[PDB]
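Taken in sequence, the protein lines are chains A and B. Sequential numbering from 232 applies to the first sequence in UniProt numbering. Sequential numbering from 1060 applies to the second sequence in UniProt numbering. Where a beta carbon is used, it is the ideal one built from N, C-alpha and C, also for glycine.
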Amino acid sequence: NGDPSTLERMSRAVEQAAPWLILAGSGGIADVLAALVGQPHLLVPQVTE
Amino acid sequence: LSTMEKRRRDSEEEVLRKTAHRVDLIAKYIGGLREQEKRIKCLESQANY
């Protein structure tokens, strides 16, 4: 359940090819990211909102 | 002979064997059904909005 800023940080980690692990019920960012990455949609700014 | 057979067919270990076989069949069947269920559920939930 990191801050929204952590998202950008995690972005920086993706290019570094570092294995990531998330917890479903830890908190908000984690729980939402669980679903978000589940279904790939090109543009979902309203869904993400 | 019929009595010997009846006593054998009601032997405790034989009951366990029969139950194990039926449970295996139920497990395979229910597992297939469950596997189909989540696959359908993801496709149905993706169309959320």
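ask   = For the alpha helix (DSSP H) that contains A:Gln277, what are its first and last residues?
value = As a working mapping, residue 277 of chain A is identified with position 46 in the first sequence. Taken as a continuous stretch (DSSP letters only), the alpha helix (DSSP H) holding A:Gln277 covers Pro276 to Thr279.
A:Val263 at chain B interface by Cβ criterion, 8 Å = The residue labelled residue 263 of chain A in the question sits at position 32 within the first sequence. So no, A:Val263 is outside the interface.
query = Using the C-alpha atoms, what's the distance from A:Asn232 back to B:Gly1090?
reply = Locating residue 1090 of chain B in the second sequence gives position 31, counting from the first residue. Locating residue 232 of chain A in the first sequence gives position 1, counting from the first residue. Between B:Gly1090 and A:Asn232, the C-alpha separation is close to 33 Å.
message = Please list, in chain order, the chain B residues whose beta carbon lies closer than 8 Å to that of A:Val278.
response = Taking the first residue of the first sequence as 1, we reach residue 278 of chain A at position 47. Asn1107 and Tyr1108, listed in chain order.
task = Assign B:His1080 to one of three DSSP states: helix, strand, or coil.
result = The count along the second sequence starts at 1 and reaches residue 1080 of chain B at position 21. Helix at B:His1080.
task = Compare the C-beta of A:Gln247 with all C-beta atoms of chain B and state if any pair is closer than 8 Å.
result = Taking the first sequence and counting its residues from 1, the one referred to as residue 247 of chain A is at position 16. Not an interface residue.
query = Okay, do the region 256 to 264 of chain A and the region 232 to 242 of chain A touch, 3+ Cβ pairs below 8 Å being the bar?
reply = yes
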